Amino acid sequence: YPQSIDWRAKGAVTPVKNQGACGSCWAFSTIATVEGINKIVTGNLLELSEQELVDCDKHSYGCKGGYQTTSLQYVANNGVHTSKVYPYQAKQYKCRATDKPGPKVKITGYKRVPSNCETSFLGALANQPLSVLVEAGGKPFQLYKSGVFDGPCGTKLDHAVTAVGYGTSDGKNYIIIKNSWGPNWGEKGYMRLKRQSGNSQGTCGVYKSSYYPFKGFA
């Protein structure tokens, strides 16, 4: 893999969104990875529907939390509609996927990045954005404004975000994270998270639970 990569610069990342007061982070993270792989495979960057996952992934809890695996499986099985067609409401309603037009973007399946390992993480991120989990509940994380964040934070995973690149700055290796708290949080909605080397759980548990979808066709 290269010394650095930024999928935003490669046109595989849509603008920062805001989950509002709804615990739909799991949906946002899954959608960002799907938007990314769709662009990488087809060349087109489409904004996909987090709302469809919120309403339709029956294995998740809408605004009360959900899972990376079940939401990615949902897209692999059913495809996902565009957000234009199924816009975000920050609330869970009845699944309305069927009454929807436009295309349904589908993925073939998803894989798990071998955990707690910087090398595996970078090797996979060099190919496409990853859905990752982090402990974001601590005060420092919440109030992050800029720079390479290195805590303090533990590994009590409670938030799903999207890794969209990595690199180094001022003698510090980092990972670019796209959060779903709007453009006012952090560095225009992103955070450069310190990259722990080798075999470790990662800063705020970033290497513990990473997944990526794979898409073989258009």
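One rule holds for the numbers: they count along the sequence shown, beginning at 1.
Judged by mean Cα B factor in the deposited record, 6-14 ranks above the other of 6-14 and 205-213. Stretches 93-101 and 78-86 differ in mean C-alpha B factor, with the higher average recorded for 93-101. Ranking 187, 35, 55, 150 by Cα temperature factor from the entry places 150 first. Out of 177, 45, 160, 63, the entry records its largest CA B-factor for 45. Residue-level temperature factors show residue 68 in the lowest third of its chain, judged at the C-alpha atom. Residue-level temperature factors show residue 143 in the highest third of its chain, judged at the C-alpha atom.
Per the PDB record, residue ranking by Cα B-factor puts residue 119 in the highest third of the chain. Among the modelled residues of its chain, residue 200 has a C-alpha B-factor that falls in the middle third according to the deposited record.
In the deposited entry, the Cα temperature factor of residue 108 sits in the top third of values across the chain's modelled residues.
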